[PDB]
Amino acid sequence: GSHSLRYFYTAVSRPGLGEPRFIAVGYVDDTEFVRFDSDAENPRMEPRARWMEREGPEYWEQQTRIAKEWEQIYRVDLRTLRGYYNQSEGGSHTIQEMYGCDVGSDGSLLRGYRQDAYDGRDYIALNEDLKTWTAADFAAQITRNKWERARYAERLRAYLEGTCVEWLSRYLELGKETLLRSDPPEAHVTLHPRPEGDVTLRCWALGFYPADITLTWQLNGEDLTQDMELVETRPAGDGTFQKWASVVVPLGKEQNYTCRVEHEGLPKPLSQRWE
């Protein structure tokens, strides 16, 4: 059971309104704990988790410093890529980046990564070897060349193996009774008549963490998944997640069907039916 510390960067040139907006969010597993937004009254790194609110001015003053550093790097990079692709001056483009590390049960770095994208399409990416680069197009190749000469990949794997692993290791400590939890799904079934004369069975799953889950409607062991209706897992905005799936069923047959819930927090999978 591995854990992970990840960061997400975003820059958007906004002609018609103002200057480029920069947004930085940090995640430990499926829980954001930190935030920076350059559209704030006075942009600074802020906690988004109760277990981060005791770090002290030391940490936050330093994190803000780095966040502002990247806000400036990014609005400079925004202009640079426009020149690479030979695009118009007052355009609206996006640059986003994700870096971080997966650290597994023993303490070992499982995988380190750092990839970015220009306007929703891949740009340059650090390979898993933490030594080479993949360039999606010609412009990324330009950037790659400038980074291979500057030996920039070496500074990356330095971070991804040291600072990243260590601070993740202590972020886990600060929020151990919240990050190492495993709240199981609380499932139930609802019944909803259709105009067609049949009914809809909907199986909910509520208040579970982490987010990865599976719902499957059954008929005594047999599946009905490619005539079903799924819904992508959504945040309840409280630290847990929700999801449901539905099937159409002829009137009267309601109790004949069972929905199978699969999640980590459960000892063994659920099987909810209409009651």
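The numbering used is simple: start at 1 and walk along the sequence shown.
Comparing 264 to 272 with 4 to 12, the higher mean C-alpha B-factor in the PDB entry belongs to 264 to 272. Here the stretch with the larger average CA B-factor, out of 70 to 78 and 195 to 203, is 195 to 203.
Of all the options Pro47, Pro235, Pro43, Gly221, the entry's greatest CA B-factor is assigned to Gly221.
The residue among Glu166, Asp119, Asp106, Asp116 whose C-alpha atom has the highest B-factor in the PDB entry is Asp106. Ranked within its chain, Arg54 lands in the highest third, by CA B factor from the PDB record.
Per the PDB record, residue ranking by Cα B-factor puts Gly239 in the middle third of the chain.
Among the modelled residues of its chain, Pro210 has a C-alpha B-factor that falls in the middle third according to the deposited record. Sorting the modelled residues of the chain by their CA temperature factor places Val247 in the lowest third. Sort the chain's modelled residues by C-alpha temperature factor and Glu229 lands in the highest third, per the entry.
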